[PDB]
Amino acid sequence: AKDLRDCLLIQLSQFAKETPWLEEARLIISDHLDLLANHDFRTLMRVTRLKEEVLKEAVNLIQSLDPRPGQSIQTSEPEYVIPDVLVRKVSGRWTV
Amino acid sequence: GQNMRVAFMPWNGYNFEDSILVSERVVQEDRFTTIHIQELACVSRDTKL
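Chains as they are written, first to last, in PDB author numbering: chain M, 192 to 287; chain C, 797 to 845.
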């Protein structure tokens, strides 16, 4: 998608409309991303004229959108770090 | 093992050469039921990152 709003919009469109706070979440994802970026809850409420504290559920649902879904493609690869000095200090008596 | 009632009689070919017919009672009696334990382990493997 190369755009967080675009990917979020596609993910929301994938789900059914029966879920509550769907249209409001879509509206927020459309052009209200800046307030969430700054966590401007009061400014977002003033602008979008949304229900107070009812938008918290929609915000949580938007947080449950799995950002960067392509990250699952990446597989873990160990980082081969070879140390030079080893210290044990077993039962005290530290010996480098 | 278990002491199971048997008989030496060809039953419709279900004991053709080396085929054994079993009783639903034995399954109900749960005889020869086996329990197996499997082990799985994991490590952290601290990395450079």
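Beta carbons are placed, not taken as given, at the ideal position from N, Cα and C, and that holds for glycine.
*Evaluate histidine 223 of chain M with the Cβ neighbour count: other Cβ atoms within 10 Å of its Cβ, from every protein chain shown; 16 or more gives buried, anything less gives exposed.*
buried
*Whose Cβ in chain C lies nearer than 7 angstroms to the Cβ of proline 269 of chain M?*
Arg841 and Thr843
*asked:* For a test of the three-state rule: what should DSSP assign to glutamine 824 of chain C, helix, strand or coil?
replied: helix
*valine 272 of chain M versus chain C: which residues are under 8 angstroms apart at the beta carbon?*
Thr843 and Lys844
*Cβ atoms of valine 245 of chain M and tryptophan 285 of chain M: under 9 angstroms apart, would you say?*
no
_I'd like to know whether the C-beta atoms of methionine 800 of chain C and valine 823 of chain C end up nearer to each other than 9 angstroms._
no
*With a 10 Å radius around its C-beta and 16 neighbouring C-beta atoms as the bar for buried, classify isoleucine 253 of chain M as buried or exposed.*
buried
_Cβ-Cβ separation, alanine 249 of chain M to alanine 207 of chain M (assumed contact under 8 angstroms), whole Å_ = Actually they are not in contact, since the Cβ atoms of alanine 207 of chain M and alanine 249 of chain M sit about 16 angstroms apart, beyond 8 angstroms.
*Kindly indicate the opening and closing residues of the alpha helix (DSSP H) around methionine 236 of chain M.*
232-239
*Would you tell me roughly how many angstroms separate the C-alpha atoms of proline 260 of chain M and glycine 797 of chain C, rounded to the nearest one?*
55 angstroms
*asked:* What does the Cβ neighbour count give for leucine 199 of chain M, buried or exposed, with the cut at 16 atoms within 10 Å?
replied: buried
_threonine 843 of chain C beta carbon less than 9 angstroms from that of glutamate 270 of chain M_ = yes
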